[PDB]
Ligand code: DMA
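Given as structure tokens, the chain that follows is alone and in the form deposited without the ligand.
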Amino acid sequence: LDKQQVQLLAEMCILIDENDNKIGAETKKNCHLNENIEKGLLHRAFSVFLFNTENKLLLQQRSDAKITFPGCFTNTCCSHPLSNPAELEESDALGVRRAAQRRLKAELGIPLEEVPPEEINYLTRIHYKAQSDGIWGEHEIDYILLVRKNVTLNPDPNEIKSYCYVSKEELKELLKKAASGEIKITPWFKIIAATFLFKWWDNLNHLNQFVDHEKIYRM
């Protein structure tokens, strides 16, 4: 496996129960092993959907170095808060927003100053489980975050092998090519595009009717 990505496997994730209450901490490696997921290990995560002024969504294609879903197209950023004081903060989901700011800089090279927590809109949470291969997989309650800004980019090639802003029609053609096997997409992107994505995209200026901090949608 890629050395840089192997080093990130030692990061401490936040373990949660099924209602997103923190119950412990565990390494990223252990949180993504199917053998631990099969026993119910679950951690907190987030997914960013970043739109620019032209109302295009910023997608990334994961690098081939990623241990789970390498080379797959997905939304702007999908990662997780760490088990440290700053990112465990539950007030107004500030820990998750701080982690999103941190990873947007680490993966896409977006300056910390362009995406401070006050620019990151927490919409709702989705619970899902998937397998990448026989060894690795995912099991998380994902905080869906939305950003609307014309950021600057300087991505880390270790993280992504490409990025692109897409209009709604372009995302639709992308999804068609994924159905043909032409390209691959991640499960969390597939789930969200099939459920809430186009709904939020049509109301970027009035996301209020779409905010739900109470329910955890079980996908």
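When you see a residue number, it is the position in the sequence shown, counting from 1.
Just so it is clear, the following notes concern the form solved in complex with the ligand, a form of the same protein that is not shown.
Of the stretches 176-184, 190-198, 49-57, 62-70, only 62-70 has residues with a heavy atom within 4.5 Å of the ligand in the deposited bound form. Using a 4.5 angstroms limit between non-hydrogen atoms, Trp136 is distant from the ligand in the deposited bound form. A residue is said to contact a partner when one of its heavy atoms sits within 4.5 Å of a partner heavy atom; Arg98 fails this definition for the ligand in the deposited bound form, lying far away. In the deposited bound form, the ligand sits within 4.5 Å of a heavy atom of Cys78. A residue is said to contact a partner when one of its heavy atoms sits within 4.5 Å of a partner heavy atom; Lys28 meets this definition for the ligand in the deposited bound form. Residues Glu138, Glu140, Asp142 are the ones in 137-155 with at least one heavy atom within 4.5 Å of the ligand in the deposited bound form, listed in sequence order.
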